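Examining the three-dimensional arrangement
What follows is the residue order along each chain.
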Number of protein chains: 2
Amino acid sequence: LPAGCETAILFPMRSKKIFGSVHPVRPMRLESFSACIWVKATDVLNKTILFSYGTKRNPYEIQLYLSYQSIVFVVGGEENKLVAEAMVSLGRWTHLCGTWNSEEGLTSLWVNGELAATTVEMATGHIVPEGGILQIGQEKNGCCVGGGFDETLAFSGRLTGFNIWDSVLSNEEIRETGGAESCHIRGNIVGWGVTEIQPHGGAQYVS
Amino acid sequence: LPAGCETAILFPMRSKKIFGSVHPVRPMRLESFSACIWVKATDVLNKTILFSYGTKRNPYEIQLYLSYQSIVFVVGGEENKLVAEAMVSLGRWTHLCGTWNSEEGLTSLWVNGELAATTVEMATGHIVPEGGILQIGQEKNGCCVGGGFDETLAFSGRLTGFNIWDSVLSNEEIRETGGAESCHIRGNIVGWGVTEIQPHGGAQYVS
């Protein structure tokens with residue numbers, strides 16, 4: 001098995017209930033930070049939401065969503081985003097993960113350990129609100145209503161290796177994280193298997 | 001029961017799940033409206049949202065709550081509000097009505113069939129857009145988290161006569177709704193026994 005890893009989460013079916021609730025230990029107020037997740041894209045539509053962190057006044061504080069052929073990253077609001085062109089596939093575990101800084105508004109995208117896109121002065125000086133809900137594999141919306149999660153925004157596949165840092169990673173650490181010896185470097189904000197991660201509405205763990 | 005009805009809710013305990021969901025049948029679009037209700041609050045805090053219309057982008061789209069010995073009438077967003085003083089008392093049925101106009105933002109309130117507040121240029125030309133939800137006694141917080149709802153803003157007490165109108169009601173109808181046989185008088189947007197009501201988390205019909 002790869003990464004030295006030991007566990008994974010299955011989203012067997014895109015629907016209006018399948019999701020998981022994430023409960024980070026520490027506050028999410030960060031100015032410069034890093035995080036990574038690996039993804040095995042089963043379906044890629046015009047939009048496929050990878051995760052969602054959304055606060056009451058701004059459900060789009062942070063959100064990564066996948067389009068037909070592009071990896072679109074959003075900071076602060078819909079206006080500021082980062083997008084690649086032709087580096088997303090189907091039926092394969094894939095690595096997508098990037099850094100940001102408010103001091104001078106840098107944001108970037110790293111696919112399989114190698115930079116893919118970047119923009120400067122992006123949400124410069126922005127400070128993310130904290131105490132919100134960090135949602136994964138689905139945009140913030142209802143689940144217990146009976147459905148509720150518009151399936152177009154849902155995602156199908158196997159997800160794992162979610163780790164968030166409170167600081168921007170270096171390039172060598174990025175390659176380390178993108179290799180087959182990466183499961184051991186887990187995030188302080190979120191450590192895979194450390195932060196409580198409970199699948200719901202169809203999802204189950206797999207290893 | 002207050003005047004001639006026999007059905008009421010019971011709100012025995014303001015908690016992290018007690019609430020009710022209403023799912024009206026007809027469009028919510030209104031340039032003006034009217035809204036009689038009778039209310040029996042057990043304990044009144046500085047903020048207790050009896051009911052409000054909320055959208056994903058505007059949870060304070062229409063609203064009224066009791067502010068200790070006061071009645072706020074939140075309009076459009078939090079900023080636009082019409083407030084009255086020293087009318088509601090604990091353990092007492094009180095007929096609250098109210099009126100609005102987008103001709104020039106006229107808004108008014110009426111306690112026990114008698115004026116409770118008034119002002120103009122509130123929500124001038126405002127149009128409540130459609131597709132949102134009306135909720136009663138609860139405000140936006142988690143519900144399927146084994147609780148979550150702000151117990152502080154939850155309610156405990158008795159309710160009845162929950163009806164709404166598509167337009168402004170005059171002083172004559174406002175007073176008649178405070179009459180002794182208003183149980184047969186109900187609005188068009190919502191009429192008691194006509195629109196769907198599903199109490200939750202402790203709310204009990206006392207029929």
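Residues numbered from 1 in each chain as written, not as in the entry; some residues may be left out. Chains lettered and ligands numbered in written order. Heavy atoms only, no water.

Listed as the method for this PDB entry is cryo-EM; the listed resolution is 7.5 Å.

For clarity, the threshold we go by: UniProt positions are given in the numbering used here, feature names are shortened, and annotations may be inferred rather than shown by experiment.
As annotated in the PDB entry, chain A carries the name Pentraxin-related protein PTX3 and is attributed to Homo sapiens. As recorded in the PDB, this entry has the title "Pentraxin Domain of PTX3 Dimer". Among the UniProt annotations of chain A, the heading Function holds the following wording: "Plays a role in the regulation of innate resistance to pathogens, inflammatory reactions, possibly clearance of self-components and female fertility."

1. A word on the interface of chain B and chain A
Definition in use: Note on contacts: a residue pair qualifies if any of its non-hydrogen atoms lie within 4.5 Å across the two residues. In this description, buried area is defined as the sum, over both parts, of the accessible area (probe of 1.4 Å) that is lost when the two are combined. Any carboxyl oxygen of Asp or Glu within 4 Å of a side-chain nitrogen of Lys or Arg constitutes a salt bridge here. By the criterion applied in these results, polar contacts are pairs of N or O atoms within 3.5 Å in which, for protein atoms, one can donate a hydrogen and the other can accept it, and in which residues neighboring in sequence qualify only through two side-chain atoms.
Chain B puts seven residues into the contact, and the matching count from chain A is eight residues. Buried area between chain B and chain A, both sides added, is near 710 Å², and the carbon and sulfur share of it is 47%. Area buried by chain B at its contact with chain A is led by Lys56, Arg57 and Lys140 of chain B, which between them contribute 67% of it. At the boundary of chain B with chain A, the tally comes to zero salt bridges. Where chain B packs against chain A, one counts one residue pair in polar contact.

2. Observations concerning the UniProt feature "disulfide bond" in chain A
Residue and element names in this part refer to chain A. Test applied: Disulfides are defined as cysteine sulfur pairs within 2.5 Å. Strands here mean DSSP runs of E at least two residues long; helices mean DSSP runs of H or I at least four residues long; both are numbered from the N terminus. Throughout, exposure labels follow a simple rule: accessible area from a 1.4 Å probe, protein chains only, divided by the maximum for the residue type, with under 20% read as buried, over 50% as exposed, and the rest as partly exposed.
Between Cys5 and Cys183, where UniProt places a disulfide bridge, the two sulfur atoms sit 5.8 Å from each other, too far apart for the bridge to exist in this structure. As for its placement among the helices and strands, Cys5 is situated in the segment before β1 (8-11). Looking at where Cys183 falls in the secondary structure, it is placed in the loop between α1 (171-177) and β14 (196-200). In these coordinates the annotated UniProt disulfide of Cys36 and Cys97 is reproduced, with an SG-SG gap of 1.9 Å that lies under 2.5 Å. With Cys36 in strand β3 (residues 32-40) and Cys97 in strand β9 (residues 93-101), this residue pair connects regions lying 61 residues apart in the sequence. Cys97 carries the same exposure label as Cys36, and that label is buried.

3. Some thoughts on the sheet that holds strand β1 (residues 19-22) of chain B
Residues and elements named next belong to chain B. Here is the rule we go by: Two strands pair if DSSP finds at least two bridges between them. What counts as an axis is a line fitted to C-alpha atoms, over the stretch in contact for a helix, and the angles between N-to-C directions run from 0 to 180 degrees.
Across the sheet, seven strands lie side by side as β7-β6-β5-β4-β11-β1-β13; this open sheet has antiparallel pairing. Of all the strands in the sheet, the pair left with one neighbour each is β7 (77-85) and β13 (197-200). With strand direction ignored, the average angle separating the axes of adjacent strands in the sheet is 15 degrees. Sheet analysis places β1 next to β13, joined by four bridges and oriented antiparallel.

4. A word on the state of the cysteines
Residue and element names in this part refer to chain B. As enumerated under the stated definition, the model contains three disulfides over all chains in all. In this model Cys5 forms its disulfide with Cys183; the gap between the sulfur atoms is 2.0 Å. Of note, the bridge from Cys5 to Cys183 carries an S-S torsion of about 120 degrees and is right-handed in sense. You can see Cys5 sitting in the segment before β1 and its partner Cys183 sitting in the loop between α1 (171-177) and β13, a full 178 residues away along the chain. Residue class for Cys5 comes out buried when judged on its relative accessible area of 18%. Given the relative accessible area of 22%, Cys183 is considered partly exposed. Here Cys36 is not disulfide-linked; the sulfur of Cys97 is the nearest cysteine sulfur, at 3.2 Å. We classify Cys36 as buried; its relative accessible area is 3%.

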